[PDB]
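Chemist: input-v2.pdb is reproduced below (PDB, C-alpha atoms (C1' of nucleotides)).
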```pdb
ATOM      1  CA  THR A  78      33.122 -29.851  -9.460
ATOM      2  CA  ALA A  79      34.489 -32.570 -11.759
ATOM      3  CA  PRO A  80      35.765 -31.252 -15.156
ATOM      4  CA  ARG A  81      34.736 -32.821 -18.568
ATOM      5  CA  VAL A  82      37.863 -35.035 -18.265
ATOM      6  CA  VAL A  83      35.569 -37.513 -16.442
ATOM      7  CA  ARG A  84      33.829 -39.551 -19.148
ATOM      8  CA  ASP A  85      31.714 -37.102 -21.215
ATOM      9  CA  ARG A  86      31.016 -38.723 -24.616
ATOM     10  CA  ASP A  87      28.382 -38.924 -27.376
ATOM     11  CA  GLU A  88      26.287 -41.576 -25.517
ATOM     12  CA  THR A  89      24.279 -39.618 -22.903
ATOM     13  CA  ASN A  90      26.421 -36.719 -21.572
ATOM     14  CA  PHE A  91      26.563 -34.863 -24.930
ATOM     15  CA  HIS A  92      23.570 -32.766 -23.730
ATOM     16  CA  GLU A  93      24.568 -32.435 -20.067
ATOM     17  CA  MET A  94      26.903 -29.424 -20.148
ATOM     18  CA  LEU A  95      26.648 -25.692 -19.468
ATOM     19  CA  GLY A  96      28.350 -22.604 -20.875
ATOM     20  CA  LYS A  97      28.055 -18.926 -21.780
ATOM     21  CA  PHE A  98      26.506 -17.219 -24.779
ATOM     22  CA  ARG A  99      28.271 -15.061 -27.360
ATOM     23  CA  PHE A 100      26.516 -12.074 -28.894
ATOM     24  CA  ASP A 101      27.025  -8.330 -29.372
ATOM     25  CA  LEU A 102      24.299  -6.462 -31.232
ATOM     26  CA  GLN A 103      24.668  -2.950 -32.607
ATOM     27  CA  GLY A 104      22.501  -0.633 -34.687
ATOM     28  CA  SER A 105      19.562   1.744 -34.473
ATOM     29  CA  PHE A 106      16.238   0.461 -33.112
ATOM     30  CA  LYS A 107      12.628   1.640 -33.057
ATOM     31  CA  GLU A 108      11.564   4.050 -30.307
ATOM     32  CA  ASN A 109      14.206   3.338 -27.626
ATOM     33  CA  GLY A 110      14.682  -0.434 -27.981
ATOM     34  CA  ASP A 111      11.492  -1.265 -26.017
ATOM     35  CA  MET A 112      10.313  -3.725 -28.701
ATOM     36  CA  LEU A 113      13.629  -5.630 -28.707
ATOM     37  CA  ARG A 114      13.749  -5.943 -24.893
ATOM     38  CA  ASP A 115      10.156  -7.200 -24.670
ATOM     39  CA  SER A 116      10.666  -9.767 -27.462
ATOM     40  CA  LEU A 117      13.920 -11.094 -25.933
ATOM     41  CA  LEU A 118      12.411 -11.478 -22.447
ATOM     42  CA  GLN A 119       9.456 -13.604 -23.607
ATOM     43  CA  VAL A 120      11.653 -15.993 -25.631
ATOM     44  CA  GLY A 121      14.279 -16.112 -22.864
ATOM     45  CA  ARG A 122      11.781 -17.453 -20.313
ATOM     46  CA  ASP A 123      10.974 -20.477 -22.488
ATOM     47  CA  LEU A 124      14.679 -21.391 -22.717
ATOM     48  CA  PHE A 125      15.187 -20.882 -18.952
ATOM     49  CA  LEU A 126      17.748 -18.096 -19.229
ATOM     50  CA  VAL A 127      19.886 -17.321 -16.183
ATOM     51  CA  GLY A 128      22.144 -14.452 -17.249
ATOM     52  CA  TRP A 129      21.215 -10.836 -17.913
ATOM     53  CA  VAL A 130      20.939  -8.595 -20.968
ATOM     54  CA  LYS A 131      21.294  -4.881 -21.772
ATOM     55  CA  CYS A 132      19.138  -3.077 -24.333
ATOM     56  CA  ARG A 133      19.286   0.557 -25.485
ATOM     57  CA  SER A 134      18.582   2.718 -28.534
ATOM     58  CA  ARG A 135      21.898   1.696 -30.175
ATOM     59  CA  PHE A 136      24.004  -0.305 -27.708
ATOM     60  CA  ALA A 137      22.812  -3.857 -27.040
ATOM     61  CA  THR A 138      24.959  -6.458 -25.265
ATOM     62  CA  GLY A 139      25.029  -8.668 -22.185
ATOM     63  CA  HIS A 140      26.152 -11.939 -20.675
ATOM     64  CA  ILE A 141      23.813 -14.926 -21.042
ATOM     65  CA  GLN A 142      24.609 -18.311 -19.482
ATOM     66  CA  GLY A 143      22.767 -21.619 -19.478
ATOM     67  CA  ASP A 144      22.817 -25.048 -21.105
ATOM     68  CA  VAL A 145      25.178 -25.874 -23.980
ATOM     69  CA  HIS A 146      22.295 -27.018 -26.234
ATOM     70  CA  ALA A 147      19.720 -24.422 -25.149
ATOM     71  CA  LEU A 148      21.974 -21.479 -26.026
ATOM     72  CA  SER A 149      22.483 -22.885 -29.561
ATOM     73  CA  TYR A 150      18.923 -21.953 -30.603
ATOM     74  CA  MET A 151      19.324 -18.342 -29.461
ATOM     75  CA  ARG A 152      22.340 -17.874 -31.783
ATOM     76  CA  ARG A 153      20.197 -18.299 -34.915
ATOM     77  CA  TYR A 154      17.264 -16.353 -33.470
ATOM     78  CA  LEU A 155      19.405 -13.270 -32.758
ATOM     79  CA  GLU A 156      21.240 -13.341 -36.120
ATOM     80  CA  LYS A 157      18.527 -13.705 -38.787
ATOM     81  CA  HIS A 158      15.130 -13.951 -37.045
ATOM     82  CA  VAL A 159      15.079 -10.238 -36.201
ATOM     83  CA  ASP A 160      12.123  -8.107 -37.251
ATOM     84  CA  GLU A 161      14.153  -4.888 -36.857
ATOM     85  CA  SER A 162      17.193  -3.898 -38.931
ATOM     86  CA  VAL A 163      20.609  -5.194 -37.805
ATOM     87  CA  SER A 164      23.911  -3.832 -39.122
ATOM     88  CA  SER A 165      26.322  -6.520 -37.866
ATOM     89  CA  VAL A 166      26.837  -9.066 -35.086
ATOM     90  CA  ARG A 167      29.972  -9.045 -32.923
ATOM     91  CA  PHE A 168      31.524 -11.438 -30.443
ATOM     92  CA  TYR A 169      33.585 -11.021 -27.269
ATOM     93  CA  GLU A 170      34.232 -14.437 -25.708
ATOM     94  CA  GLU A 171      32.645 -17.843 -25.086
ATOM     95  CA  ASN A 172      33.249 -20.958 -22.992
ATOM     96  CA  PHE A 173      31.566 -24.388 -22.908
ATOM     97  CA  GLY A 174      31.595 -26.576 -19.803
ATOM     98  CA  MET A 175      31.610 -25.213 -16.243
ATOM     99  CA  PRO A 176      30.287 -26.598 -12.901
ATOM    100  CA  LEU A 177      27.241 -24.741 -11.454
ATOM    101  CA  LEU A 178      26.181 -21.190 -12.591
ATOM    102  CA  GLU A 179      26.695 -17.563 -11.531
ATOM    103  CA  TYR A 180      23.318 -15.809 -11.847
ATOM    104  CA  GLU A 181      19.942 -17.262 -10.773
ATOM    105  CA  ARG A 182      17.241 -15.145 -12.480
ATOM    106  CA  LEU A 183      16.873 -13.395 -15.816
ATOM    107  CA  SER A 184      16.721  -9.603 -15.685
ATOM    108  CA  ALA A 185      17.283  -6.686 -18.049
ATOM    109  CA  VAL A 186      19.248  -3.639 -16.908
ATOM    110  CA  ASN A 187      17.184  -0.494 -17.534
ATOM    111  CA  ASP A 188      18.120   3.159 -17.133
ATOM    112  CA  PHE A 189      16.331   4.180 -13.901
ATOM    113  CA  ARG A 190      18.103   7.569 -13.608
ATOM    114  CA  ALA A 191      16.007  10.426 -12.249
ATOM    115  CA  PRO A 192      14.623  12.879 -14.858
ATOM    116  CA  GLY A 193      16.172  15.897 -13.066
ATOM    117  CA  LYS A 194      19.777  14.806 -13.801
ATOM    118  CA  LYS A 195      18.996  14.033 -17.474
ATOM    119  CA  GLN A 196      19.151  17.724 -18.456
ATOM    120  CA  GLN A 197      22.394  18.336 -16.520
ATOM    121  CA  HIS A 198      24.124  15.282 -18.081
TER     122      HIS A 198
ATOM    123  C1'   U B   1       7.331  -8.903  -8.635
ATOM    124  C1'   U B   2      14.648  -2.955 -10.980
ATOM    125  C1'   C B   3      15.156 -11.327  -6.898
ATOM    126  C1'   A B   4      19.402  -5.361  -7.984
ATOM    127  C1'   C B   5      22.912  -1.204  -4.816
ATOM    128  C1'   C B   6      25.366   1.967   0.150
ATOM    129  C1'   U B   7      23.155   2.169   4.728
ATOM    130  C1'   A B   8      25.601   5.978  12.323
ATOM    131  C1'   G B   9      17.833   6.081   9.762
ATOM    132  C1'   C B  10      13.822  -1.293  12.142
ATOM    133  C1'   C B  11      10.468  -5.420  15.468
ATOM    134  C1'   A B  12      13.529 -10.559  20.197
ATOM    135  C1'   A B  13       4.901  -9.719  21.117
ATOM    136  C1'   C B  14       3.817 -13.293  12.921
ATOM    137  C1'   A B  15       7.608 -17.109  12.645
ATOM    138  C1'   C B  16      12.941 -19.616  12.520
ATOM    139  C1'   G B  17      17.463 -18.981  14.883
ATOM    140  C1'   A B  18      23.511 -17.929  18.212
ATOM    141  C1'   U B  19      23.941 -17.322  24.148
ATOM    142  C1'   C B  20      21.772 -16.490  29.512
ATOM    143  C1'   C B  21      17.556 -17.482  32.462
ATOM    144  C1'   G B  22      13.009 -21.815  33.745
ATOM    145  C1'   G B  23       6.737 -18.680  36.699
ATOM    146  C1'   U B  24       2.514 -27.413  38.387
ATOM    147  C1'   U B  25       5.505 -22.675  31.673
ATOM    148  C1'   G B  26      -1.824 -24.540  31.870
ATOM    149  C1'   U B  27      -6.831 -24.132  33.420
ATOM    150  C1'   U B  28     -12.206 -22.900  36.355
ATOM    151  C1'   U B  29     -14.924 -18.434  37.938
ATOM    152  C1'   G B  30     -14.479 -12.495  37.754
ATOM    153  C1'   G B  31     -12.504  -7.484  36.978
ATOM    154  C1'   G B  32      -9.987  -4.099  33.400
ATOM    155  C1'   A B  33     -11.730   4.342  35.725
ATOM    156  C1'   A B  34     -13.472   9.740  33.319
ATOM    157  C1'   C B  35     -21.905  11.056  34.253
ATOM    158  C1'   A B  36     -24.587  10.898  42.981
ATOM    159  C1'   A B  37     -29.084  15.777  45.454
ATOM    160  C1'   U B  38     -32.381   8.333  47.648
ATOM    161  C1'   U B  39     -39.199   6.571  44.305
ATOM    162  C1'   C B  40     -37.804  15.279  46.536
ATOM    163  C1'   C B  41     -44.109  17.068  48.133
ATOM    164  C1'   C B  42     -50.864  15.200  54.937
ATOM    165  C1'   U B  43     -52.052  18.496  47.066
ATOM    166  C1'   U B  44     -53.208  11.098  44.824
ATOM    167  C1'   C B  45     -53.889   5.788  42.997
ATOM    168  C1'   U B  46     -56.284   0.172  39.294
ATOM    169  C1'   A B  47     -57.298   7.066  33.118
ATOM    170  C1'   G B  48     -49.474  10.611  34.682
ATOM    171  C1'   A B  49     -47.375  16.112  39.199
ATOM    172  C1'   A B  50     -42.989  19.747  41.694
ATOM    173  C1'   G B  51     -35.120  17.458  42.323
ATOM    174  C1'   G B  52     -30.208  14.954  39.473
ATOM    175  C1'   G B  53     -22.640  18.973  38.681
ATOM    176  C1'   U B  54     -15.147  16.326  37.093
ATOM    177  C1'   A B  55     -15.268  23.617  34.497
ATOM    178  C1'   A B  56      -6.783  20.530  33.799
ATOM    179  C1'   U B  57      -3.226  20.610  28.694
ATOM    180  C1'   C B  58      -1.784  18.622  22.891
ATOM    181  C1'   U B  59      -1.973  16.029  17.648
ATOM    182  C1'   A B  60      -5.016  14.140  13.493
ATOM    183  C1'   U B  61     -10.422  14.159  11.261
ATOM    184  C1'   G B  62     -15.865  14.566   9.839
ATOM    185  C1'   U B  63     -19.991  19.288  10.722
ATOM    186  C1'   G B  64     -21.389  24.825  11.061
ATOM    187  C1'   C B  65     -21.344  31.191  10.607
ATOM    188  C1'   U B  66     -21.331  35.066   5.047
ATOM    189  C1'   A B  67     -27.418  39.716   2.338
ATOM    190  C1'   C B  68     -29.257  45.485   6.694
TER     191        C B  68
END
```
Using structure tokens, write down the structure that the file contains.
Modeler:
Amino acid sequence: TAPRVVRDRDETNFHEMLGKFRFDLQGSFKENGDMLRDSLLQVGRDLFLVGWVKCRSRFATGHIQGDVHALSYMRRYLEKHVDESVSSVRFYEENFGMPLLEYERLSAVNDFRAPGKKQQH
RNA sequence: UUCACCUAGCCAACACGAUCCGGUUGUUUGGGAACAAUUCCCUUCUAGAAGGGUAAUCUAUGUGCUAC
């Protein structure tokens, strides 16, 4: 687990680093956010996403991790290239350069609560 | 492909694998139950006749009875 202090430069290692994404969406969505979740999953597979994501009617956040260069494209896609209406984009934290990764597969957390408890809640 | 999340609610006979045990550890030829009164008649033989017995209990599935 050698840090970037060993010899990363602009020759060949400039595109050999990992990190975490930074995004926090907020605003109303069509139906219950089904369109946004489906669109994000298809694009995420092409970029070989590892982290997870959360989608809902209003709340939309998550933690996405991957390559330093791969995540750069997603920043522009999820800021202007949005078919739905977006109010504003927030940020929580970011970090570039880290040995190995935490997650292994891309998945979206969905509300699988039973319908019986929905009325009580 | 809810690869997710707790398990006093799993197989060692699909397979890998911690420890004990080591059956020339394989092969040739066979078997692996529920149903006995023998070809019964001095009337008959190269064109049809007389006798066949374990009645012990459950679960899951096809199939039947309806008008005086």
Chemist: So what do you get for atom CA of residue A:190 versus atom CA of residue A:133, distance-wise?
Modeler: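 Between atom CA of residue A:190 and atom CA of residue A:133 the gap works out to 13.8 Å.
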Chemist: Can you tell me which residues surround residue A:102 at a distance of at most 7 Å, considering all atoms listed in the file, apart from same-chain residues fewer than 5 positions away, and format the answer as a ChimeraX atom specification?
Modeler: /A:137-138,165-167
Chemist: Using C-alpha atoms, can you write the selected residues to a file as a compact mmCIF listing (two decimals), keeping the file's coordinate frame?
Modeler:
```txt
# COMPACT_ATOMS: atom_id res chain seq x y z
CA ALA A 137 22.81 -3.86 -27.04
CA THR A 138 24.96 -6.46 -25.26
CA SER A 165 26.32 -6.52 -37.87
CA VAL A 166 26.84 -9.07 -35.09
CA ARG A 167 29.97 -9.04 -32.92
```
Chemist: Restrict the distance test to only C-alpha atoms (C1' of nucleotides), flag each residue of chain A within 8 Å of chain B, and return the flagged residues as a ChimeraX atom specification.
Modeler: /A:182,186-187,189
Chemist: Let's have the selection written as an mmCIF file, in the coordinates of the input, with C-alpha atoms.
Modeler:
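Below is the file that was written, again_39.cif:
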```cif
data_model
loop_
_atom_site.group_PDB
_atom_site.id
_atom_site.type_symbol
_atom_site.label_atom_id
_atom_site.label_comp_id
_atom_site.auth_asym_id
_atom_site.auth_seq_id
_atom_site.Cartn_x
_atom_site.Cartn_y
_atom_site.Cartn_z
ATOM 1 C CA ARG A 182 17.241 -15.145 -12.480
ATOM 2 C CA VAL A 186 19.248 -3.639 -16.908
ATOM 3 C CA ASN A 187 17.184 -0.494 -17.534
ATOM 4 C CA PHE A 189 16.331 4.180 -13.901
#
```
Chemist: For this structure, which residues satisfy the selection - the PyMOL selection byres ((chain B and resi 34) around 12) - when it is evaluated on the file as given? I want them as number ranges by chain.
Modeler: B: 33, 35, 54
Chemist: What residues come out when you apply the PyMOL selection byres ((chain A and resi 89-97) around 12) to this file, written as a ChimeraX atom specification?
Modeler: /A:79-81,83-88,98-100,126-129,139-149,151-152,168-180
Chemist: Between atom CA of residue A:154 and atom CA of residue A:120, what is the spacing in Å?
Modeler: 9.6 Å
Chemist: Report, as AutoDock Vina command-line options, the axis-aligned box around all atoms of stretch 190-198 of chain A present in the file, extended by 5 Å on each side; give centre and edge lengths in Å to one decimal place.
Modeler:
```
--center_x 19.4 --center_y 13.0 --center_z -15.4 --size_x 19.5 --size_y 20.8 --size_z 16.2
```
Chemist: So how far away is atom CA of residue A:105 from atom CA of residue A:157, in Å?
Modeler: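 Spanning atom CA of residue A:157 to atom CA of residue A:105 is a straight-line distance of 16.1 Å.
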